[PDB]
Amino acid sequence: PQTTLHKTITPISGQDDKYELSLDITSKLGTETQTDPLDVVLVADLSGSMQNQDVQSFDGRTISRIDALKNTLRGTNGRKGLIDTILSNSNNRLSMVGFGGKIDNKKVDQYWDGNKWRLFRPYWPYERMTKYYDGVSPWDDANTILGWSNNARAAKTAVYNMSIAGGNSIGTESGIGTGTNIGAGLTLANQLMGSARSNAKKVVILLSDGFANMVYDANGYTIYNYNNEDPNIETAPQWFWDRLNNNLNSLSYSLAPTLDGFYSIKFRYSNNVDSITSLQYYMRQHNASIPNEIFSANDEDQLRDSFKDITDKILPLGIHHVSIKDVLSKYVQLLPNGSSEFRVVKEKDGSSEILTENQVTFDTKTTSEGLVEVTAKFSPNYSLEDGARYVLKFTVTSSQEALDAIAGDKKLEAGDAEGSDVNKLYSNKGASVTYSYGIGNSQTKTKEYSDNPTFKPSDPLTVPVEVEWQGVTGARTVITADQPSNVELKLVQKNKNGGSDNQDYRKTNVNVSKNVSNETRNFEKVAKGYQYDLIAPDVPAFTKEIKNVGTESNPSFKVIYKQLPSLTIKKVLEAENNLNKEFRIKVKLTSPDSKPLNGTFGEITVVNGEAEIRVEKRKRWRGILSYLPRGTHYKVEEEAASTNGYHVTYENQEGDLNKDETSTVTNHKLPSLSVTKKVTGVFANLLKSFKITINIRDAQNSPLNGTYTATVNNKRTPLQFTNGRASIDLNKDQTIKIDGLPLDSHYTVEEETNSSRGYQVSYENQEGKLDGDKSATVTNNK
């Protein structure tokens, strides 16, 4: 009648992105019924078999079936009995009826000729010939125990007065008989129901204990089935079956379209012949919409419960056939593996209990739009206690759509959120309750929830990024190289759905100040739910290393720049005179992977791991192979040509470049001997070749051997010394500078005797030690 609908979404505190939806409903009537008076007719088997003492009572005694139902209706000392139940409401009135058949028909006639009686005229298998008895009453196999009455006391007395017929039952005998003529009871019920209030709820409750062994004829005389003379053999001839089905059908045709409900209880049903089944069929044929059920009871307790069930279906607590439904918006989803804890809670006067599986079921359809429909279907018959709170509770989490939205990666459209605020996302697309009030699926109203709740997703992430600049040897060594002025960094978001990764998702630029080695900056509003990586510039002179120092779910990136090492070649000039000299130094460079190197590095270019440095005064006698790969192996050697005149020693000539190295080529100019020929007594001449022998012993006292560079007339020439003797030809006023002679060697100059042809030969510095540049002169006088 009256219903209260409320729905909210409550944040589960200290669980990120988890909420609880609560959809409650509360029933309210006010009084007893919404002025829907009941007209209830009880039809009771009063057959002989219904006095069978074979029923276990609540108190542990076996009593008779009559005795049992005498208690189930009236009530064991004001115990809640069917009578009381129904007539609790003063608008409600009830009629009671008892049925039991008498044998109006004969089996087989015999002939008593004042002597003997043997079978004369058979009737039992009627080929349309049965004869009955005389004076038998038609329509006499049932009586109204109680006409329409709202007087519970009178009814309790009437039940108390219910009793089974006495003697073997012939149609002559008055009152009901001891047979089962179910047709009889229903006939009378139909009559009573015709006098029922035609704006009440007409309900009939049938009760039987065995199969119907009797059928009324068209005239109302009772035909008994003599095939069932043995109670242990329920067997019937064809024509009897026909009449029974027809009678049942006819009764149903008149009753069912007037009834609002029909209920049958087969107490202690024994006969394999099942005819309450047949009744249900015909009833449904003539009214498929009415509640139509058959119960099975074997003891007094089972009878009470089954009776009560009917008094709970016609006489309501409240509302039934209940179903609570929520369609979730795109912005929420259910926890996997039924972790949402779908539960319906009942509020009993403050206190509360969880409805069981037998009270409520849960369903998960995916809807036509493409959203999820949570459906809380209650047991069809479950009635909501008047003024109790039945609340559906379950957990949901933010969808990716929501997580995207709060980061600002998805656009709120129309009615996705309250006032297009991402902190006010709507959790439901729509939600509803369906219920019925009355008997069966009659009223079936659907109210849509008025409330549209809102929630805020978890704060998007702040993904931090640090940039460390390290010098050659590591952190806290000064950087000597040009840094850029800043580096632009870009957060990359790996695409879940396919291949197209977002390489410009967010962006930040980090200032690079010299003399500050650590600087952090942040990417703000990053969406939860994704893996992320970092793009960072390749800075010249440095190596890069990007690493996520955090988690996947909470990234934090660091980028380390470490300056590459470089090799410097210095040349030192011992015996320095000329400053405007150049020297070439070779450097073989084998990179890590033990593979040769290729690239350019300062002003020095590297091919297959070779490189050549030309050093001179204006270059500060230095050359630098800058920012070579870490751990590059190097090996130095001065070029052959440049080792002329000089003894060349070396420092750091080979190693690995893990720090900045300096290799140093020192050069010691070696002594030189110069010999000059001067002539006296002549002026200019062709006869001028004078042959002059030089003897040199090393410092080791050892005769010199091999070739040395001698310049004559600005023309480098090889001079061969053999056993410390060489010879030269000099012209008037010519010199020869023999270069590269060993330090501390000793020399002698003399003139070949044939070349001294009538010449006074004089000498200056004729012998000497070569501790530096020495010079000799030979003079001639003709």
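Sequential numbering from 1, following the sequence displayed.
- Using only the Cα atoms and their B-factors as the entry lists them, report which of 480 to 488 and 88 to 96 averages higher. According to the entry, 88 to 96 carries the higher average C-alpha B-factor.
- Message: When the Cα temperature factors in the entry are averaged, is it 622 to 630 or 370 to 378 that ends up higher?
- Response: It is 370 to 378.
- Using the temperature factors in the entry, find which of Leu248, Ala475, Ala200, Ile692 has the highest value at its Cα atom. Across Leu248, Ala475, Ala200, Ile692, the entry lists the biggest C-alpha B-factor for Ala200.
- Would you mind finding, among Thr680, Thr172, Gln493, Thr711, the residue with the largest C-alpha temperature factor in the entry? Each of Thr680, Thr172, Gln493, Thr711 was compared by C-alpha B-factor; the highest is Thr172.
- Where does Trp469 sit by CA temperature factor within its chain: lowest, middle or highest third? Tercile = lowest for this residue's CA B-factor.
- Query: What third of the chain, by the recorded C-alpha B-factor, contains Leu686?
  - Reply: Middle third of the chain for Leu686's C-alpha B-factor.
- Task: Would you mind ranking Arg757 by its C-alpha B-factor against the rest of the chain and naming the third, lowest, middle or highest?
- Result: For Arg757, whose C-alpha B-factor we compare with every modelled residue in the chain, the answer is the middle third.
- Query: Mind checking which third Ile535 falls in for C-alpha B-factor across the chain?
  - Reply: Lowest third.
- Message: Quick check for you: using the entry's CA B-factors within this chain, is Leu46 in the lowest, middle or highest third?
- Response: It belongs to the highest third of the chain when residues are ordered by C-alpha B-factor.
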